[PDB]
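Student: I am sharing start13.txt, which consists of compact mmCIF, N, CA and C atoms:
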```txt
# COMPACT_ATOMS: atom_id res chain seq x y z
N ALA S 1 51.72 52.78 24.61
CA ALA S 1 52.24 51.45 24.88
C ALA S 1 53.03 50.95 23.67
N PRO S 2 54.03 50.12 23.91
CA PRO S 2 54.84 49.69 22.77
C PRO S 2 54.08 48.69 21.91
N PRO S 3 54.49 48.59 20.65
CA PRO S 3 53.91 47.57 19.79
C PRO S 3 54.14 46.19 20.37
N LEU S 4 53.18 45.30 20.15
CA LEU S 4 53.30 43.94 20.62
C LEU S 4 54.29 43.16 19.74
N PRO S 5 55.03 42.22 20.33
CA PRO S 5 55.92 41.40 19.50
C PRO S 5 55.13 40.48 18.60
N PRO S 6 55.76 40.00 17.53
CA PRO S 6 55.13 38.93 16.75
C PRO S 6 54.89 37.73 17.66
N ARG S 7 53.88 36.94 17.36
CA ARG S 7 53.66 35.72 18.13
C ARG S 7 54.83 34.76 17.96
N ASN S 8 55.01 33.88 18.95
CA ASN S 8 56.11 32.94 18.93
C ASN S 8 56.04 32.02 17.75
N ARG S 9 57.22 31.67 17.24
CA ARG S 9 57.40 30.67 16.21
C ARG S 9 57.54 29.32 16.88
N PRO S 10 56.99 28.26 16.27
CA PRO S 10 57.21 26.94 16.86
C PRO S 10 58.69 26.57 16.80
N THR N 85 61.41 37.91 39.72
CA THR N 85 60.03 38.27 39.36
C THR N 85 60.04 39.47 38.44
N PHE N 86 58.89 39.74 37.83
CA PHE N 86 58.74 40.88 36.95
C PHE N 86 57.57 41.70 37.42
N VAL N 87 57.54 42.96 37.01
CA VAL N 87 56.43 43.85 37.29
C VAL N 87 55.88 44.39 35.97
N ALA N 88 54.56 44.42 35.86
CA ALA N 88 53.93 44.96 34.67
C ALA N 88 54.08 46.48 34.63
N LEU N 89 54.47 46.98 33.46
CA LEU N 89 54.62 48.41 33.22
C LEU N 89 53.40 49.07 32.60
N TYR N 90 52.53 48.25 32.01
CA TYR N 90 51.34 48.65 31.31
C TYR N 90 50.23 47.66 31.68
N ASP N 91 48.98 48.07 31.47
CA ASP N 91 47.91 47.08 31.42
C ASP N 91 48.01 46.31 30.10
N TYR N 92 47.50 45.10 30.10
CA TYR N 92 47.46 44.27 28.90
C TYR N 92 46.16 43.48 28.90
N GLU N 93 45.37 43.67 27.85
CA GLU N 93 44.13 42.93 27.63
C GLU N 93 44.42 41.74 26.73
N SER N 94 44.02 40.57 27.15
CA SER N 94 44.25 39.35 26.36
C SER N 94 43.71 39.48 24.94
N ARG N 95 44.52 39.04 24.00
CA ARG N 95 44.14 39.02 22.60
C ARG N 95 44.00 37.63 22.02
N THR N 96 44.31 36.62 22.82
CA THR N 96 44.15 35.22 22.45
C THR N 96 43.67 34.44 23.66
N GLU N 97 43.14 33.24 23.41
CA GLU N 97 42.69 32.39 24.51
C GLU N 97 43.82 31.92 25.41
N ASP N 98 45.05 32.05 24.94
CA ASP N 98 46.23 31.61 25.68
C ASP N 98 46.92 32.72 26.48
N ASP N 99 46.46 33.96 26.32
CA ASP N 99 47.11 35.10 26.95
C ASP N 99 46.70 35.24 28.41
N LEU N 100 47.54 35.96 29.15
CA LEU N 100 47.26 36.43 30.50
C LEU N 100 46.99 37.92 30.44
N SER N 101 45.80 38.33 30.90
CA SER N 101 45.51 39.74 31.08
C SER N 101 46.10 40.21 32.41
N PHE N 102 46.55 41.45 32.47
CA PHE N 102 47.14 41.97 33.70
C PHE N 102 47.03 43.49 33.71
N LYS N 103 47.17 44.04 34.91
CA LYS N 103 47.23 45.47 35.13
C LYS N 103 48.64 45.92 35.45
N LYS N 104 48.93 47.18 35.11
CA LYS N 104 50.18 47.80 35.52
C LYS N 104 50.37 47.59 37.03
N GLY N 105 51.59 47.25 37.41
CA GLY N 105 51.93 47.07 38.80
C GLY N 105 51.80 45.63 39.29
N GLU N 106 51.14 44.76 38.54
CA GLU N 106 51.08 43.35 38.94
C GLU N 106 52.47 42.76 38.92
N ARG N 107 52.69 41.81 39.82
CA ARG N 107 53.94 41.08 39.87
C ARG N 107 53.72 39.70 39.31
N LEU N 108 54.63 39.31 38.43
CA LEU N 108 54.50 38.10 37.67
C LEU N 108 55.76 37.25 37.84
N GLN N 109 55.59 35.95 37.75
CA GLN N 109 56.73 35.04 37.64
C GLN N 109 56.71 34.39 36.27
N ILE N 110 57.88 34.22 35.67
CA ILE N 110 57.97 33.62 34.35
C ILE N 110 58.07 32.11 34.53
N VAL N 111 57.13 31.42 33.90
CA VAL N 111 57.07 29.97 33.90
C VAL N 111 57.99 29.45 32.82
N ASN N 112 57.96 30.07 31.65
CA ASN N 112 58.78 29.65 30.54
C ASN N 112 58.98 30.78 29.54
N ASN N 113 60.18 30.90 29.01
CA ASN N 113 60.48 31.92 28.02
C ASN N 113 61.14 31.35 26.77
N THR N 114 60.91 30.08 26.48
CA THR N 114 61.74 29.42 25.50
C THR N 114 61.19 29.44 24.09
N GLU N 115 60.06 30.09 23.91
CA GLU N 115 59.37 29.97 22.64
C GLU N 115 59.49 31.26 21.82
N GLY N 116 59.92 32.37 22.45
CA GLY N 116 60.03 33.67 21.79
C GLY N 116 59.78 34.87 22.69
N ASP N 117 59.29 35.96 22.11
CA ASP N 117 59.05 37.20 22.84
C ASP N 117 57.76 37.21 23.66
N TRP N 118 56.92 36.20 23.47
CA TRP N 118 55.77 35.97 24.34
C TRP N 118 56.19 34.94 25.36
N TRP N 119 56.13 35.32 26.62
CA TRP N 119 56.56 34.47 27.73
C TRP N 119 55.35 33.89 28.45
N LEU N 120 55.45 32.65 28.90
CA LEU N 120 54.41 32.07 29.73
C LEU N 120 54.67 32.55 31.14
N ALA N 121 53.68 33.21 31.73
CA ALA N 121 53.82 33.84 33.02
C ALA N 121 52.69 33.44 33.94
N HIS N 122 52.95 33.59 35.23
CA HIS N 122 51.97 33.37 36.26
C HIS N 122 51.87 34.63 37.11
N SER N 123 50.69 35.20 37.24
CA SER N 123 50.55 36.40 38.07
C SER N 123 50.55 36.02 39.55
N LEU N 124 51.49 36.60 40.29
CA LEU N 124 51.54 36.43 41.71
C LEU N 124 50.44 37.21 42.35
N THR N 125 49.97 38.23 41.64
CA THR N 125 48.91 39.10 42.12
C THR N 125 47.56 38.39 42.00
N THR N 126 47.24 37.81 40.84
CA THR N 126 45.89 37.27 40.57
C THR N 126 45.79 35.75 40.56
N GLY N 127 46.93 35.06 40.47
CA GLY N 127 46.96 33.62 40.37
C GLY N 127 46.70 33.04 38.98
N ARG N 128 46.51 33.87 37.98
CA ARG N 128 46.25 33.36 36.63
C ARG N 128 47.53 33.13 35.87
N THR N 129 47.47 32.27 34.85
CA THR N 129 48.64 31.88 34.06
C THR N 129 48.30 32.09 32.59
N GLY N 130 49.28 32.54 31.82
CA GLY N 130 49.10 32.69 30.38
C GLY N 130 50.25 33.45 29.77
N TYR N 131 50.20 33.62 28.46
CA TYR N 131 51.26 34.30 27.74
C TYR N 131 51.14 35.81 27.84
N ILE N 132 52.32 36.44 27.92
CA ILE N 132 52.44 37.88 28.02
C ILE N 132 53.46 38.41 27.04
N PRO N 133 53.30 39.67 26.62
CA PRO N 133 54.32 40.28 25.76
C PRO N 133 55.48 40.73 26.66
N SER N 134 56.67 40.22 26.37
CA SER N 134 57.79 40.43 27.28
C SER N 134 58.24 41.88 27.39
N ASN N 135 57.89 42.71 26.41
CA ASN N 135 58.23 44.12 26.46
C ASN N 135 57.28 44.97 27.32
N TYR N 136 56.29 44.33 27.94
CA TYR N 136 55.35 45.03 28.80
C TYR N 136 55.71 44.91 30.29
N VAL N 137 56.79 44.21 30.61
CA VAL N 137 57.19 43.96 31.99
C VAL N 137 58.65 44.33 32.18
N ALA N 138 59.02 44.57 33.43
CA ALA N 138 60.39 44.86 33.83
C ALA N 138 60.76 43.98 34.98
N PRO N 139 62.04 43.67 35.11
CA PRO N 139 62.44 42.83 36.25
C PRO N 139 62.21 43.50 37.59
N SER N 140 61.95 42.68 38.61
CA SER N 140 61.85 43.15 39.98
C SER N 140 62.61 42.23 40.93
N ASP N 141 63.04 42.80 42.05
CA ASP N 141 63.53 42.02 43.17
C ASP N 141 62.34 41.64 44.02
```
Please go through the file and, once you have read it, give me the structure as structure tokens.
Tutor:
Amino acid sequence: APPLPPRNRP
Amino acid sequence: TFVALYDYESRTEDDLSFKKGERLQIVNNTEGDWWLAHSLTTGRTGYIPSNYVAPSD
């Protein structure tokens, strides 16, 4: 599975 | 709509867990690569990693 994206920035 | 390409286990209280093959609708994508989605399959709502889904008709 691909790496997860960074969490969203506000 | 989108279709899940992989299973995804929630890693935060805000995430949506899903199985490969579930069909999802995007509620909002304005915050980044994590999209707020609603599973048409399960009825649950939460954030998903956008690279785990593909578009569907």
Student: What parts of chain N does DSSP call strand (DSSP E or B)? I'd like the answer as JSON, numbers by chain.
Tutor: {"N": [86, 87, 88, 92, 99, 102, 107, 108, 109, 110, 111, 112, 118, 119, 120, 121, 122, 123, 129, 130, 131, 132, 133, 137, 138, 139]}
Student: For chain N versus chain S, which residues have an atom no more than 7 Å away, and what is each residue's nearest atom pair and distance in Å rounded to one decimal, using all atoms listed in the file, chain-then-number order, as a tab-separated table?
Tutor:
```
residue	atom	partner	partner_atom	distance
N:115	C	S:8	CA	4.8
N:116	CA	S:8	CA	4.9
N:117	N	S:8	CA	5.4
N:118	N	S:8	N	5.4
N:133	CA	S:5	N	5.8
N:134	N	S:5	N	6.6
N:135	N	S:5	N	6.7
```
Student: So the first atom is CA of residue 97 (chain N) and the second is atom C of residue 136 (chain N); what is the distance between them in Å, to one decimal place?
Tutor: 19.0 Å
Student: Record the distance separating atom C of residue 95 (chain N) and atom N of residue 141 (chain N), expressed in Å with one decimal.
Tutor: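 Interatomic distance, atom C of residue 95 (chain N) to atom N of residue 141 (chain N): 28.1 Å.
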Student: For atom C of residue 101 (chain N) and CA of residue 86 (chain N), determine how far apart the two atoms are, in Å to one decimal place.
Tutor: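 The value is 13.4 Å.
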Student: Need the shell around residue 98 (chain N): protein/DNA/RNA residues with any atom at most 8 Å away, counting all atoms listed in the file. Skip same-chain ones fewer than 3 positions apart. Format as a list in words?
Tutor: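 Result of the neighbour search: residues 94, 95, 101, 129, 130, 131 and 132 of chain N.
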Student: Save out the residues we just selected, N, CA and C atoms, as a PDB file, keeping the file's coordinate frame.
Tutor:
```
ATOM      1  N   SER N  94      44.020  40.570  27.150  1.00  0.00           N
ATOM      2  CA  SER N  94      44.250  39.350  26.360  1.00  0.00           C
ATOM      3  C   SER N  94      43.710  39.480  24.940  1.00  0.00           C
ATOM      4  N   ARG N  95      44.520  39.040  24.000  1.00  0.00           N
ATOM      5  CA  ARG N  95      44.140  39.020  22.600  1.00  0.00           C
ATOM      6  C   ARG N  95      44.000  37.630  22.020  1.00  0.00           C
ATOM      7  N   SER N 101      45.800  38.330  30.900  1.00  0.00           N
ATOM      8  CA  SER N 101      45.510  39.740  31.080  1.00  0.00           C
ATOM      9  C   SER N 101      46.100  40.210  32.410  1.00  0.00           C
ATOM     10  N   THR N 129      47.470  32.270  34.850  1.00  0.00           N
ATOM     11  CA  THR N 129      48.640  31.880  34.060  1.00  0.00           C
ATOM     12  C   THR N 129      48.300  32.090  32.590  1.00  0.00           C
ATOM     13  N   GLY N 130      49.280  32.540  31.820  1.00  0.00           N
ATOM     14  CA  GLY N 130      49.100  32.690  30.380  1.00  0.00           C
ATOM     15  C   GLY N 130      50.250  33.450  29.770  1.00  0.00           C
ATOM     16  N   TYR N 131      50.200  33.620  28.460  1.00  0.00           N
ATOM     17  CA  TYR N 131      51.260  34.300  27.740  1.00  0.00           C
ATOM     18  C   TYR N 131      51.140  35.810  27.840  1.00  0.00           C
ATOM     19  N   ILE N 132      52.320  36.440  27.920  1.00  0.00           N
ATOM     20  CA  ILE N 132      52.440  37.880  28.020  1.00  0.00           C
ATOM     21  C   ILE N 132      53.460  38.410  27.040  1.00  0.00           C
TER      22      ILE N 132
END
```
Student: Name the residues in contact with residue 127 (chain N) at a cut-off of 12 Å, using only C-alpha atoms, excluding same-chain residues fewer than 2 positions from it; report them as a list in words.
Tutor: residues 100, 101, 102, 106, 107, 108, 109, 121, 122, 123, 124, 125, 129 and 130 of chain N
Student: So for region 115-126 of chain N, what box centre and size do we get, axis-aligned, 3 Å extra on each of the six sides, every listed atom, Å to one decimal, as AutoDock Vina command-line options?
Tutor:
```
--center_x 52.9 --center_y 34.5 --center_z 32.1 --size_x 20.3 --size_y 15.1 --size_z 26.6
```
Student: Could N, CA, C and O atoms be built for region 93-107 of chain N and written out as a CSV table (one decimal), in the frame of the given file?
Tutor:
```csv
chain,number,residue,atom,x,y,z
N,93,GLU,N,45.4,43.7,27.8
N,93,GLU,CA,44.1,42.9,27.6
N,93,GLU,C,44.4,41.7,26.7
N,93,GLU,O,45.0,41.9,25.6
N,94,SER,N,44.0,40.6,27.2
N,94,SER,CA,44.2,39.4,26.4
N,94,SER,C,43.7,39.5,24.9
N,94,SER,O,42.6,39.9,24.7
N,95,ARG,N,44.5,39.0,24.0
N,95,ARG,CA,44.1,39.0,22.6
N,95,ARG,C,44.0,37.6,22.0
N,95,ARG,O,43.6,37.5,20.9
N,96,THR,N,44.3,36.6,22.8
N,96,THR,CA,44.2,35.2,22.4
N,96,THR,C,43.7,34.4,23.7
N,96,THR,O,43.8,34.9,24.8
N,97,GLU,N,43.1,33.2,23.4
N,97,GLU,CA,42.7,32.4,24.5
N,97,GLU,C,43.8,31.9,25.4
N,97,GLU,O,43.6,31.4,26.5
N,98,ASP,N,45.0,32.0,24.9
N,98,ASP,CA,46.2,31.6,25.7
N,98,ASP,C,46.9,32.7,26.5
N,98,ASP,O,47.9,32.5,27.2
N,99,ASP,N,46.5,34.0,26.3
N,99,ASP,CA,47.1,35.1,27.0
N,99,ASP,C,46.7,35.2,28.4
N,99,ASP,O,45.7,34.7,28.9
N,100,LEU,N,47.5,36.0,29.2
N,100,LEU,CA,47.3,36.4,30.5
N,100,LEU,C,47.0,37.9,30.4
N,100,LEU,O,47.9,38.7,30.0
N,101,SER,N,45.8,38.3,30.9
N,101,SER,CA,45.5,39.7,31.1
N,101,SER,C,46.1,40.2,32.4
N,101,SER,O,46.1,39.4,33.4
N,102,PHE,N,46.6,41.4,32.5
N,102,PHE,CA,47.1,42.0,33.7
N,102,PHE,C,47.0,43.5,33.7
N,102,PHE,O,46.8,44.1,32.7
N,103,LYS,N,47.2,44.0,34.9
N,103,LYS,CA,47.2,45.5,35.1
N,103,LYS,C,48.6,45.9,35.4
N,103,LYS,O,49.4,45.2,36.1
N,104,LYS,N,48.9,47.2,35.1
N,104,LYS,CA,50.2,47.8,35.5
N,104,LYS,C,50.4,47.6,37.0
N,104,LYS,O,49.4,47.7,37.8
N,105,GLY,N,51.6,47.2,37.4
N,105,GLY,CA,51.9,47.1,38.8
N,105,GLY,C,51.8,45.6,39.3
N,105,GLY,O,52.3,45.3,40.4
N,106,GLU,N,51.1,44.8,38.5
N,106,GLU,CA,51.1,43.4,38.9
N,106,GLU,C,52.5,42.8,38.9
N,106,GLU,O,53.3,43.1,38.1
N,107,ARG,N,52.7,41.8,39.8
N,107,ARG,CA,53.9,41.1,39.9
N,107,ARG,C,53.7,39.7,39.3
N,107,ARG,O,52.7,39.0,39.6
```
